[PDB]
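For reference, the structure discussed in these notes is given below.
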Amino acid sequence: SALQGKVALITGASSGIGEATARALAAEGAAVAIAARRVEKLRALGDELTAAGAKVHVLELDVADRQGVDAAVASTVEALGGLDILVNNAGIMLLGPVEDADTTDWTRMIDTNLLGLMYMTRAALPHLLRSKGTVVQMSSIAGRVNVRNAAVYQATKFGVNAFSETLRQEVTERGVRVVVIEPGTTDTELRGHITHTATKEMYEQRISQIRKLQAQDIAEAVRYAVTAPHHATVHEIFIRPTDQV
Amino acid sequence: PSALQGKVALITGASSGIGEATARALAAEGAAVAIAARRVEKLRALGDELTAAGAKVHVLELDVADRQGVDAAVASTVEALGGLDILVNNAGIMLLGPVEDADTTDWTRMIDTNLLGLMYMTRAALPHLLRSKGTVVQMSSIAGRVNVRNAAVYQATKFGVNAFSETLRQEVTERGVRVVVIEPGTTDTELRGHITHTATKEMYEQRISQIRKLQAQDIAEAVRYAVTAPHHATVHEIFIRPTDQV
Amino acid sequence: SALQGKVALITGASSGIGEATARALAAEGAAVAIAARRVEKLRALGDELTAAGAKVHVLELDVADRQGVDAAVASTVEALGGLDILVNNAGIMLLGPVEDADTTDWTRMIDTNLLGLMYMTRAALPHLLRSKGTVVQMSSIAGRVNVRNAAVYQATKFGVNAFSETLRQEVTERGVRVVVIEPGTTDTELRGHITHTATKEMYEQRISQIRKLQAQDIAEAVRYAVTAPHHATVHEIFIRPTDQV
Amino acid sequence: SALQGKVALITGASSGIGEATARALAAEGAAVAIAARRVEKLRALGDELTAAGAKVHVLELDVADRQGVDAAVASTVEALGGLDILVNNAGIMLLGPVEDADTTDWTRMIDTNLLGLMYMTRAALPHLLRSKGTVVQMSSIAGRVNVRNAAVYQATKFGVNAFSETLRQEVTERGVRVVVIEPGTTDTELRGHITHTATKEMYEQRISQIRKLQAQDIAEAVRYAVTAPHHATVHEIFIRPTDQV
Ligand SMILES: NC(=O)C1=CN([C@@H]2O[C@H](COP(=O)(O)OP(=O)(O)OC[C@H]3O[C@@H](n4cnc5c(N)ncnc54)[C@H](OP(=O)(O)O)[C@@H]3O)[C@@H](O)[C@H]2O)C=CC1
Ligand SMILES: NC(=O)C1=CN([C@@H]2O[C@H](COP(=O)(O)OP(=O)(O)OC[C@H]3O[C@@H](n4cnc5c(N)ncnc54)[C@H](OP(=O)(O)O)[C@@H]3O)[C@@H](O)[C@H]2O)C=CC1
Ligand SMILES: NC(=O)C1=CN([C@@H]2O[C@H](COP(=O)(O)OP(=O)(O)OC[C@H]3O[C@@H](n4cnc5c(N)ncnc54)[C@H](OP(=O)(O)O)[C@@H]3O)[C@@H](O)[C@H]2O)C=CC1
Ligand SMILES: NC(=O)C1=CN([C@@H]2O[C@H](COP(=O)(O)OP(=O)(O)OC[C@H]3O[C@@H](n4cnc5c(N)ncnc54)[C@H](OP(=O)(O)O)[C@@H]3O)[C@@H](O)[C@H]2O)C=CC1
C-alpha cells in the first residue's frame, strides 16, 4: 500500500486506461475520485472499488467545461480531504484526413485533449502545490510520432507534451511532479469513436495483427511513476507494443 | 525580377509584423496578394501602398477563428484573383504568463487563433492548393521547437501547428502540395504588446531588449526562399534564431 | 523473482548506476554477468551477489575493444546458459567547451558511449533474438536536452537514442525489446572524470543545490522496464531530479 | 557579390553537394578553399572556379585525420587571409542492418561524419570568432527522422545536430553563426558507397520513382543561410523531396 492516505483524481475513469488506473491506485491504498460523463459507468466502478475496501468519490464531469472543472476539484477536496495525484486521462481520438474534415472532430479533440487537460491542471495546481503532489498527463505515441490521418489528434498530444514540459519548469522547484505517459496502441474503447468511416476501417486493420498494450499495462506505468520517491520526477514513459514497428 | 509572376498568395495576419512584410515581399515577386486580418484600416493602408506600386491586391477583413469567415475569405480570394497558389498562415497571438492562476481567456484566444484558425484556413485553401500544386506556409515559432517558462499554452499551440503540419505534409505531398513551416525566434513586431500578464510582459521585454532582434523582413525572406524553391523541393522547416540569443 | 532463470549482462557494473542495476536484477533472480575495467571492484560486488544467492560471472572488459566485446558475450553464454537482458551502461562524461578541446576527450566518449554500446548490441543480438530478450540502453537527459559545455557528450547520447530507435524498428517484430533509460543528475562517480578543470568546477556548482537522483532510482527504472510483460516495450523512461529545472 | 572578400572552406568538395556549394559560394564572390581526398577532381573544380573569377585554394584532406585538419585550416589562412565560412560537408552513408553488420561501416561513418566534422569545427573556430563567421553543418533528414537499415548513419547525424546546437549555445553570443542543413534524398555519389548489397538495392528501388533533390538545391539553401544578415542565424533548414512521404 504505497499510496495509503493519498488522494487521486482520475479523469476519463469510466472506461479504458482511466478505469484500470483508478483500480491500480485504489489497490495501492489511495482514495480515488473518479470522473467522466457516463455517470452510470462510474457508479458501477465506484461500487466495485468500494466493495473491495476503497474510498471512492464519484464525479459527473465534462473536462471541457471550465466551471465544471473547478467544481469537480472543489468536490474532491471536500469529500476526500485533499489532492495528491491528478491523472488527466480524459481524451478522444477522431482520425481522418485534414482534407474535407468534419471540423467538429477538431473542436471536440481540442476541447477535451488539450483545453480540458489544461483547465484540470490549473484547477488542481493550488492543491498539488500544498501536498507536493503529482500530475500525470495521459499523452500518446501521437505526442512523439506523426502518422497519416491523425493530424489534429497529434497536434493535441504534441501540445499536451509541450504544455507539460513547460509546466514542469514552472512548478517542479515547488515539489509538484509532472509525469507524462505516452502509450502506443492500447486495447480500449478509444477507436470506436472515430467518425471518418474509411479511416476507422484502415486503423482497425492496421492494429489487427499485434498484441496490443493492455489498459493494465498503462496503469502499471502510472503506478511506477507516482510511487517513485519525491526527489524523482519520471517525466516521460514511452511505452510501445513490442509487435509494432 | 518576378519569381512569382501570375501566382496568388493569401496571407493571414497581414496588418502588421511578419505578415505585412511577407505580403510586401510576395507582391514584389509579382504575386497577386490577398491580405487578411481584423484591423481593416491597416489592411486598406497596406493595400493602397501595394496597389500604388503596381501590385494586385484583395483586402479581407477576417478573424481566422471564425470558421465561416475563413470559408468566405478563401471563396472571395479565388473569385477576385483567379485561384490560390500560396497560403501563409501567419495570424497569431502570444500571451505569456504562468499556468498557475492564469487568465484562461489567454488560452482560448491562443488556441482559437494559433491552432484552430490555422487549421480552418489550411482546410479551406486545400482544395485550391491541390489544383494549383501550391504551397502552404505555416508560421510556427521557436516556441514550436523549444519550451521556456511562462509560455506553456503558446508553446502547446506551436508544437501543435508543427505536428499538424508534418502530418499534413505526409497526406498531401504526393499530390504536389508543399508544406513549409517557418520557425522564427524573437522578431521585432507588435506581438509582445498583447501579453496580459503584467509581470511576465515586463520580464519578456527586459530579456529581449538585450539582443539584436530578427526583423519582420528577415522572416519574409525566409518565406520567399521557401516558396521560390523548385516544385520538387519542399523546404519543410526553416528555424531562424537571433544570433545574439542563446 | 520475476527474472528467475533469466541471464543479464550489465556493462559499467563496477560503480554507479551499473552497480545498482546489477544488484536490482540479481534481487529479482537474474543470473548476472558483470562487466567493467576495474576487476577489484567487480570481484567485491560479485562476492556480495553470490553471497546473497545470485550466480555471478565476472567480465574484465573495455567496451571499446571489439574483440573483447565478442569474447565477453561468448564466455557469458558458456558460463550462464544464454542471454536474456543486456544493459549497455558503460559510459563517461567529459565536459568542456568545444573551443580548444582535448580531442582525446571526444575519442574516449565516442569509443565508450557510442561505439562500445553499438559493439555490445551487435554481439548480444543473436542471443537476444533466440531468447526474445531485452536490450537496455543507458542514455541520459543529454540525449534529450542540450546544455552548454556538453557538446560531444550530447552528440554521443543523441546518437545512442537514434541508433536505438532504429534498432527497435529492425528487431522489435522478432521480439527483441529495446529500452532506453534517460536519467538526469544522478549521484555517481561520473563527474569525477571531467578533464576540463574549469568545467568540472562549474558543473559541481550547478548541481550542488538539488536532491540528486540515486543509482538505486535508475536501477528501479530498469527493473520496471525489464519486468514489463513481453508485449510491452518501455522504449523510453526520462527521469529527472524534481528539484532541477 | 554578397560574399565579396569573404573566405569559405568547403569539405567534401570533390563531388555532390560540396561541389555545388563551392560553386555557389564562389559565384557570390567568396574565395574558396576546397577540401577532399580525390585531388584530381578538386583540381578540375579549382580550374573551373578560377576560370570563373574566383580565388581557389586546393586542400588534399582526410577529415578523419586531426593533424591533416589542423594543417588544412592553417594552409587556408596563409593562402586566403582568414576564414569567414566553414562548410562541413564531407560525409559517407553506409546502410545496412545492425544485425551481423560489417563494423568497419560504423567506424568509417563515425570518423568522417562525426569526429571529422568536430575536428574541423574546432580547428576553424579561432578564425571564425575573429571574423564573426558562419559554420555550416551538413546534416541530413537522418538527423531528424529514423528509418530502418540506417541506424549508425542516423546516430552520426543526430550527433552532428546535438553537437551543433550546443556549439551554437557556446559561440553564438560572440558572433559565430551555426547553420545546420538537413537534406532529404539528393542525386549525388553518396549511395554508390553502400557496402551492404541487399540494402543498397532496396534503397535504390525506394528512391527510383521520386524527383530527387539536386545538389544545386542544397547549395542554394547554404547560400540563403550564409547571406542572411549577421543578426540572423538560420539554424536549421530541413529540405525534403516533395514526392517523398
Ligand atoms: N487506447 C489507445 O490506443 C491510446 C489511448 N491514449 C489516451 O488514453 C486516454 C484515455 O483513452 P482510452 O482509455 O484509450 O479510451 P476510452 O474511450 O476507453 O477512455 C476515454 C475516457 O475519457 C472519458 N471522456 C471522454 N471525453 C470526456 C470529457 N469531455 N470529459 C470527461 N471525460 C471524458 C470517457 O468517458 P465518458 O464518455 O464517460 O466521459 C472515457 O472514460 C486518452 O487521453 C487517449 O488519447 C493514448 C495512447 C494510446
Ligand atoms: N514576433 C516574434 O518574436 C515571433 C512571432 N511569431 C509568429 O509570427 C506570427 C505573426 O505575429 P507577429 O508579426 O510577430 O506579431 P503581430 O502582432 O505584429 O502580427 C500578428 C498579426 O496577426 C493578426 N491577427 C491576430 N489575431 C488574429 C485573428 N484572430 N484573425 C486574423 N488576424 C489576426 C494581427 O492583426 P489584426 O489585429 O488586425 O487582426 C497581426 O496582423 C504569429 O503567428 C506569431 O506567433 C513566431 C516566432 C517569433
Ligand atoms: N551520473 C549521472 O548524472 C548520469 C549518468 N548517466 C549515464 O549512466 C552511465 C553510467 O554512469 P554513472 O554510473 O553515472 O558513472 P560511473 O562512473 O559511476 O559509472 C560508469 C561505469 O562505466 C564503466 N566504464 C567506463 N568506461 C568503460 C569502458 N571503456 N569499458 C567498460 N566499462 C567502462 C566504469 O567502470 P570501470 O572504470 O571499472 O570500467 C563504471 O563502472 C553512463 O552511460 C552515463 O552516461 C546518464 C545520465 C546521468
Ligand atoms: N545525397 C543525399 O541523399 C544526402 C546527403 N547528405 C549529406 O551530404 C553530404 C555530402 O554527400 P553527397 O554530396 O550526397 O555525396 P558525395 O559522395 O557525392 O559527396 C561526399 C563528399 O565527401 C567527401 N569525403 C568523404 N569522406 C571524406 C573524408 N574522409 N575526408 C574528406 N572528404 C571526404 C567525398 O570526396 P572524396 O572521396 O574525394 O574525399 C565527396 O566529395 C554528406 O555529409 C551526406 O551525409 C545529407 C542528406 C541527403
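Labeling convention for the C-alpha cells: chains A, B, ... as they appear, residues from 1 per chain, ligands from 1 in order of appearance.
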inquiry  = Counting only C-alpha atoms and all ligand atoms, what are the residues, protein, DNA or RNA alike, that approach ligand 2 to within 7 Å? I want them as a ChimeraX atom specification.
reply    = /B:12-20,36-40,42,62-65,90-94,113-114,139-143,183-191,216
Counting only C-alpha atoms, collect the residues of chain B whose closest atom lies at most 10 Å from chain D, and write them out as a ChimeraX atom specification.
/B:166-167,169-185,211-215,218-219,221-222,225-226,229-246
Requested write-out: N, CA and C atoms of the selected residues, as a short mmCIF file (atom, residue, chain, number, x, y, z; two decimals), in the first residue's frame:
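Writing the result to selection21.cif gives the following:
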```cif
data_model
loop_
_atom_site.label_atom_id
_atom_site.label_comp_id
_atom_site.auth_asym_id
_atom_site.auth_seq_id
_atom_site.Cartn_x
_atom_site.Cartn_y
_atom_site.Cartn_z
N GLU B 166 3.37 18.55 -40.18
CA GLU B 166 4.10 17.35 -40.64
C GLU B 166 3.14 16.26 -41.11
N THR B 167 2.05 16.07 -40.36
CA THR B 167 1.05 15.11 -40.78
C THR B 167 0.41 15.52 -42.09
N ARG B 169 1.76 17.30 -44.45
CA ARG B 169 2.76 17.00 -45.48
C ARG B 169 2.67 15.54 -45.92
N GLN B 170 2.65 14.63 -44.95
CA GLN B 170 2.50 13.21 -45.29
C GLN B 170 1.26 12.92 -46.15
N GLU B 171 0.16 13.61 -45.85
CA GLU B 171 -1.13 13.42 -46.53
C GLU B 171 -1.24 14.04 -47.93
N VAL B 172 -0.56 15.15 -48.16
CA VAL B 172 -0.76 15.89 -49.42
C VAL B 172 0.47 15.99 -50.32
N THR B 173 1.65 15.65 -49.79
CA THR B 173 2.89 15.96 -50.53
C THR B 173 2.97 15.22 -51.87
N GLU B 174 2.45 14.00 -51.92
CA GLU B 174 2.48 13.23 -53.17
C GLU B 174 1.58 13.84 -54.24
N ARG B 175 0.61 14.65 -53.83
CA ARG B 175 -0.27 15.33 -54.79
C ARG B 175 0.26 16.74 -55.12
N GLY B 176 1.48 17.02 -54.67
CA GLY B 176 2.18 18.23 -55.08
C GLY B 176 1.93 19.49 -54.26
N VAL B 177 1.23 19.36 -53.14
CA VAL B 177 1.05 20.48 -52.21
C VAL B 177 2.23 20.49 -51.23
N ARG B 178 3.00 21.57 -51.25
CA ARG B 178 4.18 21.66 -50.41
C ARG B 178 3.81 22.27 -49.07
N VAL B 179 4.27 21.65 -47.98
CA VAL B 179 4.04 22.17 -46.64
C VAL B 179 5.35 22.70 -46.06
N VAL B 180 5.36 24.01 -45.84
CA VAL B 180 6.52 24.74 -45.35
C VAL B 180 6.20 25.23 -43.93
N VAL B 181 7.14 25.05 -43.01
CA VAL B 181 6.96 25.56 -41.63
C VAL B 181 8.12 26.48 -41.28
N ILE B 182 7.78 27.72 -40.93
CA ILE B 182 8.77 28.74 -40.63
C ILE B 182 8.73 28.92 -39.12
N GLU B 183 9.91 28.92 -38.51
CA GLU B 183 10.01 28.97 -37.05
C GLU B 183 10.92 30.13 -36.65
N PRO B 184 10.36 31.35 -36.57
CA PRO B 184 11.18 32.47 -36.09
C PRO B 184 11.41 32.47 -34.60
N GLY B 185 12.59 32.94 -34.20
CA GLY B 185 12.85 33.39 -32.83
C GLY B 185 12.41 34.84 -32.69
N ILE B 211 19.20 41.97 -27.02
CA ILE B 211 19.63 41.30 -28.24
C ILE B 211 19.24 42.12 -29.48
N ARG B 212 20.00 41.96 -30.57
CA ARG B 212 19.54 42.41 -31.87
C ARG B 212 18.44 41.44 -32.31
N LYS B 213 17.23 41.96 -32.47
CA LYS B 213 16.07 41.13 -32.81
C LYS B 213 16.05 40.80 -34.31
N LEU B 214 15.42 39.68 -34.65
CA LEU B 214 15.09 39.41 -36.05
C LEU B 214 14.14 40.49 -36.55
N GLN B 215 14.23 40.79 -37.84
CA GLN B 215 13.34 41.77 -38.45
C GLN B 215 12.22 41.07 -39.20
N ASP B 218 13.34 39.84 -42.40
CA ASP B 218 14.12 38.60 -42.38
C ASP B 218 13.22 37.38 -42.54
N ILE B 219 12.09 37.37 -41.83
CA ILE B 219 11.15 36.24 -41.87
C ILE B 219 10.47 36.17 -43.23
N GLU B 221 11.88 37.04 -45.97
CA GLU B 221 12.89 36.48 -46.89
C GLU B 221 12.97 34.95 -46.78
N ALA B 222 12.77 34.45 -45.57
CA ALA B 222 12.70 33.01 -45.35
C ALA B 222 11.53 32.41 -46.14
N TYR B 225 12.34 32.56 -49.89
CA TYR B 225 13.23 31.44 -50.22
C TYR B 225 12.47 30.11 -50.35
N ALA B 226 11.68 29.77 -49.34
CA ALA B 226 10.91 28.52 -49.38
C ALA B 226 9.95 28.40 -50.57
N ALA B 229 11.67 28.08 -54.16
CA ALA B 229 12.36 26.80 -54.41
C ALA B 229 11.59 26.02 -55.50
N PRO B 230 12.32 25.25 -56.34
CA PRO B 230 11.65 24.50 -57.41
C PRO B 230 10.61 23.55 -56.83
N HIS B 231 9.56 23.23 -57.60
CA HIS B 231 8.45 22.45 -57.05
C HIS B 231 8.85 21.13 -56.39
N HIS B 232 9.85 20.46 -56.96
CA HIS B 232 10.30 19.18 -56.44
C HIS B 232 10.95 19.27 -55.07
N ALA B 233 11.22 20.49 -54.60
CA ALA B 233 11.81 20.70 -53.28
C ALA B 233 10.80 21.27 -52.29
N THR B 234 10.59 20.57 -51.18
CA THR B 234 9.78 21.11 -50.08
C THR B 234 10.68 21.51 -48.91
N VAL B 235 10.75 22.81 -48.66
CA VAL B 235 11.55 23.30 -47.54
C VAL B 235 10.64 23.22 -46.31
N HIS B 236 10.63 22.04 -45.68
CA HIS B 236 9.61 21.79 -44.69
C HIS B 236 9.80 22.59 -43.40
N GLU B 237 11.05 22.90 -43.05
CA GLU B 237 11.31 23.67 -41.84
C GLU B 237 12.45 24.66 -42.04
N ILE B 238 12.21 25.91 -41.65
CA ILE B 238 13.29 26.89 -41.52
C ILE B 238 13.22 27.43 -40.11
N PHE B 239 14.28 27.16 -39.34
CA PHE B 239 14.39 27.59 -37.94
C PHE B 239 15.41 28.72 -37.92
N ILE B 240 14.91 29.95 -37.77
CA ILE B 240 15.76 31.13 -37.81
C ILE B 240 15.75 31.81 -36.43
N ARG B 241 16.95 32.00 -35.87
CA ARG B 241 17.12 32.49 -34.49
C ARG B 241 17.91 33.79 -34.48
N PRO B 242 17.68 34.67 -33.48
CA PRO B 242 18.63 35.78 -33.33
C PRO B 242 20.02 35.22 -33.00
N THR B 243 21.03 35.65 -33.74
CA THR B 243 22.42 35.30 -33.44
C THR B 243 22.79 35.64 -31.99
N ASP B 244 22.18 36.70 -31.45
CA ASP B 244 22.58 37.21 -30.15
C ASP B 244 21.99 36.44 -28.98
N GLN B 245 21.13 35.48 -29.27
CA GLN B 245 20.36 34.84 -28.23
C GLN B 245 20.68 33.35 -28.07
N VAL B 246 21.25 33.01 -26.93
CA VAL B 246 21.39 31.60 -26.55
C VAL B 246 19.99 30.97 -26.36
#
```
Members of stretch 14-142 of chain C assigned strand (DSSP E) by DSSP, as a VMD selection string = chain C and resid 31 to 36 56 to 60 85 to 88 134 to 138
Could you write out that same residue set with N, CA and C atoms as a compact mmCIF listing (two decimals), in the first residue's frame?
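Below is the file selection_1.txt, written as the result:
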```txt
# COMPACT_ATOMS: atom_id res chain seq x y z
N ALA C 31 20.54 -14.32 -13.13
CA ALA C 31 21.98 -14.55 -13.15
C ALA C 31 22.58 -13.30 -13.77
N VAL C 32 23.64 -12.79 -13.18
CA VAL C 32 24.28 -11.58 -13.71
C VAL C 32 25.74 -11.75 -14.14
N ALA C 33 26.01 -11.33 -15.37
CA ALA C 33 27.37 -11.18 -15.88
C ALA C 33 27.71 -9.71 -15.69
N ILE C 34 28.74 -9.44 -14.90
CA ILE C 34 29.07 -8.05 -14.58
C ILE C 34 30.37 -7.62 -15.26
N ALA C 35 30.29 -6.55 -16.05
CA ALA C 35 31.41 -6.14 -16.90
C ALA C 35 31.88 -4.72 -16.66
N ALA C 36 33.19 -4.56 -16.54
CA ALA C 36 33.87 -3.27 -16.37
C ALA C 36 35.39 -3.47 -16.47
N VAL C 56 26.96 -15.33 -10.43
CA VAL C 56 27.68 -14.18 -10.96
C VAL C 56 28.79 -14.66 -11.89
N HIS C 57 28.94 -13.97 -13.02
CA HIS C 57 30.02 -14.19 -13.96
C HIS C 57 30.75 -12.86 -14.12
N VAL C 58 32.02 -12.82 -13.75
CA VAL C 58 32.78 -11.57 -13.79
C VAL C 58 33.49 -11.39 -15.13
N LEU C 59 33.32 -10.22 -15.72
CA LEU C 59 33.92 -9.90 -17.01
C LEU C 59 34.80 -8.68 -16.90
N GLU C 60 36.11 -8.88 -17.03
CA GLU C 60 37.01 -7.77 -17.24
C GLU C 60 36.86 -7.39 -18.70
N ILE C 85 18.84 -10.37 -20.93
CA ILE C 85 18.85 -8.92 -20.75
C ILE C 85 20.26 -8.39 -20.91
N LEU C 86 20.41 -7.39 -21.77
CA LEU C 86 21.66 -6.65 -21.88
C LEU C 86 21.45 -5.22 -21.39
N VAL C 87 22.31 -4.76 -20.49
CA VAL C 87 22.29 -3.37 -20.04
C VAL C 87 23.60 -2.68 -20.47
N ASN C 88 23.52 -1.86 -21.52
CA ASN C 88 24.66 -1.06 -22.02
C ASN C 88 24.79 0.23 -21.22
N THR C 134 15.76 -8.53 -24.02
CA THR C 134 15.65 -7.07 -23.94
C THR C 134 17.03 -6.43 -23.87
N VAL C 135 17.22 -5.36 -24.65
CA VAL C 135 18.44 -4.56 -24.53
C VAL C 135 18.08 -3.20 -23.92
N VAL C 136 18.74 -2.88 -22.81
CA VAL C 136 18.55 -1.61 -22.11
C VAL C 136 19.74 -0.69 -22.37
N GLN C 137 19.47 0.43 -23.04
CA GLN C 137 20.49 1.42 -23.34
C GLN C 137 20.48 2.49 -22.26
N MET C 138 21.63 2.72 -21.63
CA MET C 138 21.72 3.81 -20.67
C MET C 138 22.07 5.12 -21.37
```
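Closest approach to ligand 3 among C:126, C:143, C:46, C:97 is made by C:143 (distances from only C-alpha atoms and all ligand atoms).
Around residue D:146, within 12 Å and counting only C-alpha atoms, the residues found are residues 145 and 245 of chain A; 159, 161, 162, 163, 164, 165, 166, 167, 168, 169 and 170 of chain C; 140, 141, 142, 143, 149, 150, 151, 152, 153, 154, 155, 156, 157 and 158 of chain D, once anything fewer than 3 positions away on its own chain is removed.
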Residues just named, written with C-alpha atoms as a PDB file, in the first residue's frame:
```pdb
ATOM      1  CA  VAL A 145       5.375  10.347 -33.679  1.00  0.00           C
ATOM      2  CA  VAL A 245       7.265  -1.107 -35.913  1.00  0.00           C
TER       3      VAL A 245
ATOM      4  CA  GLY C 159      23.440   9.173 -31.147  1.00  0.00           C
ATOM      5  CA  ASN C 161      18.926   7.329 -28.945  1.00  0.00           C
ATOM      6  CA  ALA C 162      18.789   7.369 -32.771  1.00  0.00           C
ATOM      7  CA  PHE C 163      20.758   4.084 -33.016  1.00  0.00           C
ATOM      8  CA  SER C 164      18.362   2.511 -30.503  1.00  0.00           C
ATOM      9  CA  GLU C 165      15.132   3.735 -32.116  1.00  0.00           C
ATOM     10  CA  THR C 166      16.362   2.365 -35.454  1.00  0.00           C
ATOM     11  CA  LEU C 167      17.378  -0.904 -33.789  1.00  0.00           C
ATOM     12  CA  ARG C 168      13.852  -1.213 -32.332  1.00  0.00           C
ATOM     13  CA  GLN C 169      12.408  -0.830 -35.862  1.00  0.00           C
ATOM     14  CA  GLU C 170      14.718  -3.631 -37.067  1.00  0.00           C
TER      15      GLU C 170
ATOM     16  CA  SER D 140      20.549  15.100 -43.152  1.00  0.00           C
ATOM     17  CA  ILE D 141      16.917  14.022 -42.822  1.00  0.00           C
ATOM     18  CA  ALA D 142      18.800  11.228 -40.989  1.00  0.00           C
ATOM     19  CA  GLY D 143      19.469  13.725 -38.177  1.00  0.00           C
ATOM     20  CA  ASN D 149      18.810  -0.011 -42.067  1.00  0.00           C
ATOM     21  CA  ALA D 150      20.329   3.391 -41.304  1.00  0.00           C
ATOM     22  CA  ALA D 151      20.960   3.035 -37.544  1.00  0.00           C
ATOM     23  CA  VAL D 152      24.587   4.175 -37.324  1.00  0.00           C
ATOM     24  CA  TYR D 153      24.255   6.792 -40.109  1.00  0.00           C
ATOM     25  CA  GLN D 154      21.340   8.247 -38.113  1.00  0.00           C
ATOM     26  CA  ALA D 155      23.408   8.118 -34.885  1.00  0.00           C
ATOM     27  CA  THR D 156      26.122  10.252 -36.587  1.00  0.00           C
ATOM     28  CA  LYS D 157      23.641  12.821 -37.934  1.00  0.00           C
ATOM     29  CA  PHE D 158      21.576  13.164 -34.754  1.00  0.00           C
TER      30      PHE D 158
END
```
Mind checking which residues fall within 12 Å of residue D:63, counting only C-alpha atoms, ignoring those fewer than 6 positions away in the same chain, and posting them as a VMD selection string?
chain D and resid 10 to 13 35 to 37 69 to 73 88 to 92 108 to 121 123
Notebook entry, point to check: Could you pull the residues within 10 Å of residue D:53, counting only C-alpha atoms, minus those fewer than 4 positions along the same chain, as JSON, numbers by chain?
Noted result: {"D": [26, 27, 29, 31, 47, 48, 49]}
Just to be explicit: take each residue in the selection above, keep N, CA, C and O atoms, and write the result as a PDB file, in the first residue's frame.
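Listing of part_16.pdb after writing:
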```pdb
ATOM      1  N   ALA D  26      31.546  30.641 -54.405  1.00  0.00           N
ATOM      2  CA  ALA D  26      32.442  31.309 -55.350  1.00  0.00           C
ATOM      3  C   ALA D  26      31.684  32.311 -56.211  1.00  0.00           C
ATOM      4  O   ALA D  26      32.178  33.413 -56.468  1.00  0.00           O
ATOM      5  N   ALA D  27      30.483  31.927 -56.653  1.00  0.00           N
ATOM      6  CA  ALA D  27      29.650  32.781 -57.513  1.00  0.00           C
ATOM      7  C   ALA D  27      29.232  34.083 -56.827  1.00  0.00           C
ATOM      8  O   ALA D  27      29.078  35.119 -57.485  1.00  0.00           O
ATOM      9  N   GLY D  29      31.130  35.673 -54.857  1.00  0.00           N
ATOM     10  CA  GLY D  29      32.356  36.431 -54.615  1.00  0.00           C
ATOM     11  C   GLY D  29      33.301  35.938 -53.528  1.00  0.00           C
ATOM     12  O   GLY D  29      34.302  36.603 -53.246  1.00  0.00           O
ATOM     13  N   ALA D  31      36.268  33.723 -51.813  1.00  0.00           N
ATOM     14  CA  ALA D  31      37.439  32.899 -52.089  1.00  0.00           C
ATOM     15  C   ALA D  31      37.151  31.546 -51.458  1.00  0.00           C
ATOM     16  O   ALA D  31      36.642  31.471 -50.330  1.00  0.00           O
ATOM     17  N   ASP D  47      40.086  24.642 -61.261  1.00  0.00           N
ATOM     18  CA  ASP D  47      40.309  25.295 -62.552  1.00  0.00           C
ATOM     19  C   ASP D  47      39.044  25.957 -63.078  1.00  0.00           C
ATOM     20  O   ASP D  47      39.101  27.085 -63.556  1.00  0.00           O
ATOM     21  N   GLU D  48      37.908  25.263 -62.965  1.00  0.00           N
ATOM     22  CA  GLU D  48      36.628  25.833 -63.363  1.00  0.00           C
ATOM     23  C   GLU D  48      36.346  27.093 -62.552  1.00  0.00           C
ATOM     24  O   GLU D  48      36.018  28.137 -63.116  1.00  0.00           O
ATOM     25  N   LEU D  49      36.494  26.997 -61.232  1.00  0.00           N
ATOM     26  CA  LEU D  49      36.214  28.125 -60.343  1.00  0.00           C
ATOM     27  C   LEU D  49      37.126  29.328 -60.585  1.00  0.00           C
ATOM     28  O   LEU D  49      36.658  30.469 -60.574  1.00  0.00           O
TER      29      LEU D  49
END
```
Practice item. May I have all residues of chain D that DSSP, computed from the backbone, assigns to helix (DSSP H, G or I), given as a ChimeraX atom specification? Key: /D:16-27,39-51,66-80,104-131,141-143,151-174,190-193,197-206,215-227
Pairwise distance, atom CA of residue D:192 with atom CA of residue D:204, equals 9.5 Å
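With distances restricted to only C-alpha atoms and all ligand atoms, C:38 is the closest residue to ligand 3 from C:66, C:38, C:191, C:6.
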ask   = residue B:33: which residues within 7 Å, counting only C-alpha atoms, same-chain residues fewer than 2 positions away excluded, as a PyMOL selection string?
value = chain B and resi 8-10+23+27+31+35+56-58
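Between atom CA of residue D:107 and atom 40 (C, counted along the ligand's line) of ligand 4 the separation is 17.4 Å.
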In terms of only C-alpha atoms, the residue from D:147, D:226, D:125, D:44 at minimal distance from chain A is D:147
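Counting from atom 41 (O, counted along the ligand's line) of ligand 3, the distance to atom CA of residue C:99 is 28.9 Å.
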